[PDB]
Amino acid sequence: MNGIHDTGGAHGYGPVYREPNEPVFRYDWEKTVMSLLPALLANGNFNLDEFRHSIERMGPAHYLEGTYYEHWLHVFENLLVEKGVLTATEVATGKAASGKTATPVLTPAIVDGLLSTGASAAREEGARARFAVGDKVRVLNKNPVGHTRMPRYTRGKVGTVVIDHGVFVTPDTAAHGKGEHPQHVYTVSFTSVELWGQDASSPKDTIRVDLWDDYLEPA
């Protein structure tokens, strides 16, 4: 999706301001919002890819105005309704519709174990690898309205495969209920000149981006 979230290469966002001695949580409500993510993922209410795409789909202005955890809060209030875990009414009233009709999967007993384990996206088998490290590749020019992980600033550009990380889930399909379609993921190296042009570039600088096999084609 060619949305405001795809920031790579944009101008006008200004200086990187950095709060000195910044706390993990600047406000208390952030703690609630942050801890909700693992709780809901554990329920299987939605997967992480649907999560990202829910944020990509909020209003461009709301995305820019909102602090980070407002992004998360938006997903919880909207993606939960889309998935049919909540109703728009329940979410508006604040009051549930029929009481305690589910049981939390994330219980105190398993918190540490879950957080320490996580959920790798790596998979045993998938599409065969078409490329080898050293290969020159060009990122396909694609513009899906749905979820994708090929940044806008890379499309059409030529790079060099530097790492083959193995087989992984494909977010493009996982975010839209089309399965995992596992395939190889490569780290591709682009020169500063190739991405930004002769003027806006530095001779020594390179940019590395992780792209799925079918994002690419032989140069």
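From 1 onward, residues are counted along the sequence shown.
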Per the entry, where is the mean C-alpha temperature factor higher: 154-162 or 62-70? 154-162
Out of 118-126 and 137-145, which stretch has the higher average CA B-factor listed in the record? 118-126
For the CA B factor values reported in this entry, which option in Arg57, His176, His181, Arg26 has the top one? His181
Binned into thirds over the chain's modelled residues, the C-alpha B-factor of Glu217 lands in the middle
State the tercile, meaning the lowest, middle or highest third, of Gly113 with respect to the CA B-factors recorded for its chain. lowest
Sorting the chain's modelled residues by C-alpha B-factor, tell me whether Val81 ends up in the lowest, middle or highest third. middle
Would you please rank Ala97 by its C-alpha temperature factor against the other modelled residues of its chain and give the third it falls in: lowest, middle or highest? highest
Lowest, middle or highest third: where is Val193 by C-alpha B factor in its chain? highest
